[PDB]
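Asker: Line order of the protein sequences matches chains A and B. If you're matching positions, the first sequence starts at 173 in the UniProt record's numbering and goes up one per residue. If you're matching positions, the second sequence starts at 173 in the UniProt record's numbering and goes up one per residue. In this text, a Cβ means the ideal position worked out from N, Cα and C, and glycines have one as well.
Number of protein chains: 2
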Amino acid sequence: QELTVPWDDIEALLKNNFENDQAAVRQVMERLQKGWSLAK
Amino acid sequence: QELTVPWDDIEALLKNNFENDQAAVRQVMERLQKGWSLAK
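1) Establish whether the CB of B/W179 and some CB of chain A are separated by less than 8 Å.
2) Please state whether the Cβ-Cβ distance between A/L210 and B/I182 is less than 8 Å.
3) Nearest to A/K187 by alpha carbon, out of B/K187, B/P178, B/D193, B/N189?
4) Hey, how far is the Cα of A/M201 from the Cα of A/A195?
5) For chain B, is any of its Cβ atoms less than 8 Å away from the one on A/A195?
6) Going by the CB atoms, is the gap between B/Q173 and A/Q199 shorter than 8 Å?
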């Protein structure tokens, strides 16, 4: 699939969503990206 | 990992990001979710 995901904007969303757990922002973003690479 | 992702907010972000291709919003959200389930 030829689709581009705004990882910057998503990181900002998860950053806000995890307004305490930046470590969680990391884990969720890295799992989303990894998963994006797995679900290709 | 015990992490919750705002799929609603992300869908809105991708909806805005793909301000033309709602079909792409679908494909990206479904691949992010599937990938989330794969990268567990």
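Answerer: This is what the structure gives:
1) no
2) no
3) B/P178
4) 10 Å
5) no
6) yes
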